[PDB]
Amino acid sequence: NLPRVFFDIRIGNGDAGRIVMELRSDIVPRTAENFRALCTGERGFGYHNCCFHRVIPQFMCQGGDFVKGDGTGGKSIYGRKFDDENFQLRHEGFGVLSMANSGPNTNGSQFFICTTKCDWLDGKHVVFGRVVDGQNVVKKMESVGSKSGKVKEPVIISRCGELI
């Protein structure tokens, strides 16, 4: 079955709710496993207490830099970087989960959730899942976002893991 994982989000001084994501292990098993393992922290590191460092309302939110905390870092379960697995899945609309990168074959831990059909990103970023619940929580993050992407208050992954 396809893994189901979650983030509990805190925006500034308030709990925002839970984002639930389904990971497409049927299409991108390596990329899905990286994300799932970073959610559970099973390898000794992951998204626990990490932040979203970019929030652009009506475009996307980006997070997952647990090494440097600012979007300049991160690491995968496979090492500092790993190859683009495939580009079989498209950025089809709200809630699509995809890997941030600095060019071909530079996947680490950083990821983004699109809040629109970011189809111009197809063939550049590996899509590996989708938000299936807590779309409202992703949308709540816009309250501290901006057109530039600068985040006004901390958006923290307070808790993360895998669900049955």
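One rule holds for the numbers: they count along the sequence shown, beginning at 1.
Visitor: Averaged over C-alpha atoms, is the B-factor higher for 117 to 125 or for 97 to 105 in this PDB entry?
Guide: Taking the mean C-alpha B-factor of 117 to 125 and of 97 to 105, the larger value falls to 117 to 125.
Visitor: If you average the Cα B factors in the entry, which is higher, 62 to 70 or 107 to 115?
Guide: The entry gives the higher C-alpha B-factor average to 62 to 70.
Visitor: Give the position of residue 43 by CA B-factor within its chain, expressed as the lowest, middle or highest third.
Guide: Highest third of the chain for residue 43's C-alpha B-factor.
Visitor: Pull the Cα B-factor of residue 92 out of the PDB entry and bin it into the chain's lowest, middle or highest third.
Guide: Its C-alpha B-factor belongs to the highest third of this chain's values.
Visitor: Ranking every modelled residue in this chain by its Cα temperature factor as given in the entry, which third contains residue 24?
Guide: Its C-alpha B-factor, which the entry lists for residue 24, ranks in the lowest third among residues of this chain.
Visitor: For residue 138, does the deposited CA B-factor place it in the lowest, middle or highest third of the chain?
Guide: Lowest third, going by the recorded CA B-factors of the chain.
Visitor: Please say which third, lowest, middle or highest, residue 157 falls into when its CA temperature factor is compared across its chain.
Guide: Middle third by C-alpha B-factor.
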